[PDB]
């Protein structure tokens, strides 16, 4: 899934280049004003679009136009290459701690998909990597937040560590990680708290949890359909504590892809996984070249 609208807007511009055997410099400029326009309408950060247009234009008006064995193929290769680089190049794999367990801290705003993604990530870790993960209920403030995560764990046959809602998340994380050491769990996934907007009470708690958990990974969970808002959430989260990755949720509803194309360029935090639905299997690793190909109508 993902990017359906941007691909539709770019189909004519790109295909016109693909269908010709000689690309003039006026053709590349004409393609580039329409590519610029499509990226801006897809809510890509406008400074990212500016840098992207210049980088592609400088390379496109080069050896590619003058060599005519496949001039059109070369204009498209550069766009694919630059789209791939923009989104991170190669897939960004989950880190493995030197001493187990590997502790993964899930953070984000309410409604972004934290709790659901924590279950998805555990499921993915056991299936694709044959690890033994433990889930942790560290969101005490919202009722049914614990029972929701427990209900997910009861579908995965995976433990969900909880001490109720009368106990600090700092203490819950401390006990969970130290139980995980004793019983040889590979991964610990902390489902943390969060309201609708960032506040001081939230970073203080998250800073304290990071302090005692000393996590190998801190993943922001953020809603892909919120566009530039998601890019701003990542910037704040990355500067007030340290983000190591991003999970983009609800691409099954994101036709534009602005956040997907903007987050790494603005924050330097890589996007590691994409959420693609409500079910626990709906999580795939973020592959930048495949996304670039899906953007150019080159999908498998």
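Positions refer to the first chain, counted from 1.
Of the two segments examined, 19 to 27 and 274 to 282, it is 19 to 27 that shows the higher average Cα temperature factor in the deposited entry. Stretches 47 to 55 and 66 to 74 differ in mean C-alpha B factor, with the higher average recorded for 66 to 74.
Per the PDB record, 33 has a higher Cα B-factor than any other of 256, 250, 235, 33. Comparing C-alpha B-factors across 195, 120, 154, 174 in the deposited entry, the largest value falls on 195. Per the deposited record, the Cα B-factor of residue 116 falls in the lowest third when ranked against the other modelled residues of its chain.
The deposited CA B-factor of residue 101 belongs to the middle third of values across its chain. Looking at the C-alpha B-factors along this chain, the one for residue 61 belongs to the highest third.
When the modelled residues of the chain are ordered by their C-alpha B factor, residue 40 lands in the middle third. Among all modelled residues in this chain, the alpha-carbon of residue 138 has a temperature factor (C-alpha) in the middle third.
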